[PDB]
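As a starting point, one isolated chain is supplied in structure tokens, in the form deposited in one PDB entry.
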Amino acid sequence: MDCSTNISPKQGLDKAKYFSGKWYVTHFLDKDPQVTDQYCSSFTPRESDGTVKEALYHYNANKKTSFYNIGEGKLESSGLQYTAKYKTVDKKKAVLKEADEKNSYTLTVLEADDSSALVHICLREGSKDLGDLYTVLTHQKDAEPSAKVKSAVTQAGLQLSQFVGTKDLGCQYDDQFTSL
């Protein structure tokens, strides 16, 4: 199960609303049913003159482990979308593994406002895709996305009822790592 070839970013999205503060994934939808583990994630994306760099955190709620990354790539000209290479870092942002250039993720922003966002992520490791991942984001963990962001979910052809809500997973975050 590959990522969809029909994802496009929303036009006219204010990149300012997206490359702001820290995001928490409040809801996620992974199209690949072969997965078991559920995750929490938070990240802090930043942009300058078309270059994006972001600090990323995952907590595996099933295995109770965590990992940290730094992603970097270039904004597409076309709309609010980038393919990043990523390194693996520790919680102090020291590099553990430099980027494997055969791996990337492409993040497409589908909606963004002052409180909330919807993005699609296609993670690729070499040959293999992880499959489509949609994440509803908010700045305040365990907050509800805005009506605008909820509408984007439906307009992406999805149903919010099918997303996993992270606020009930027993997530452990590292809010030190995502601040600034």
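In this text, rigid core is short for the largest set of C-alphas that superpose within 1.5 Å between two forms. When you see a residue number, it is the position in the sequence shown, counting from 1.
Unshown form deposited in another entry; subsequent notes refer to it.
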**Q.** Identity of the moved residue from 140, 34, 48, 154, C-alpha shift 2 angstroms or more, core fit between the shown form and the other one
**A.** 34
Q: Pin down for me whether the residue 159-residue 35 Cα distance shrinks or grows in that other deposited form relative to this form (closer or farther, change of 3 Å or more).
A: farther
**Q.** Relative Cα spacing, residue 33 and residue 39, in that other deposited form - shift of 3 Å or more
**A.** closer
